[PDB]
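So here's one chain in two forms, each on its own in structure tokens, numbered structure 1 and structure 2.
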Structure 1
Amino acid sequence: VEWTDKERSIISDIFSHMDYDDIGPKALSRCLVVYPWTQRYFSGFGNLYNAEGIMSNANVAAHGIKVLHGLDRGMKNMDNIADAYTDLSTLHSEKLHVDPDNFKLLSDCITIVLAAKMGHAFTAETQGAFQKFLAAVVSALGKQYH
């Protein structure tokens, strides 16, 4: 959509200081215990049986890292987000068959991890900006479903 320069700058700032190795695992691990039905799509990963197992699971950790990098295309092309996820959106539906509502749940977990890390720095305006971006990305991933 329309982006204010401040939003562009907020997204830019956040992405520039992001510890993907720390945030990715934690956001993915968080989602798997807070919305446990998301476990359905990760059979092979191993132990997903309780919070401890999930949160020390290497497979899970690595995939949280990919998922977050998944936003990289997005903020690196703020005016063509819809287009940038066409292929990922096709994969998620026709080859992975994941319920799109789960993108919201994981989006919120990413948001909540970012908040812990950034603390005081995650102002409402940062939260509005960050959530606005993620909503754009989420709409984009559930676009090629039908």
Structure 2
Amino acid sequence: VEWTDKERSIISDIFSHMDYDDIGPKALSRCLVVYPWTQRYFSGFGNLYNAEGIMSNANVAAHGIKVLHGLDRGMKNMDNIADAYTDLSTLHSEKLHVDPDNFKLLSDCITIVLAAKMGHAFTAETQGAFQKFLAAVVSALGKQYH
């Protein structure tokens, strides 16, 4: 993946205005409800969902903040995405046994939660650069799956 300057500006702009403490938790909370099989990796935290069926565990949800900071790295050096995520890839695959498809599902959740917050500032071209970035990180995260 190469990057135009406009894409670099868009992604930098998205992350500077992003409240990770809000976006992050909402996105993982949403993914655990829309793609419920993902709760398999947090099941041991216990006390995951509401009587009402919402994934109310702030602790588990707070992993979404770490995801977003995990995204910082690709964002900091977009010319090095693939090498940027080897230890993280190694970890989700070898220690966490996380299905890589789940990276796609969470990305989708991130995009939609971001969409809700930015509203009409989340233009087609913004969604475009942001999806393209997420894609590249996702791919890099599935590299150490052997």
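Just so we're on the same page, residue numbers count up from 1 along structure 1's sequence. Each form is matched to the other, and the largest set of C-alpha atoms that superpose within 1.5 Å is called the rigid core.
In a core superposition between the two structures, the Cα of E52 is the only one among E52, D79, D83, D101 shifting by 2 Å or more. Core-based alignment between the two structures gives a C-alpha movement of 1.1 Å at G64. Summarising the core-aligned comparison between the two structures, the C-alpha atom of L114 is found to shift 0.4 Å.
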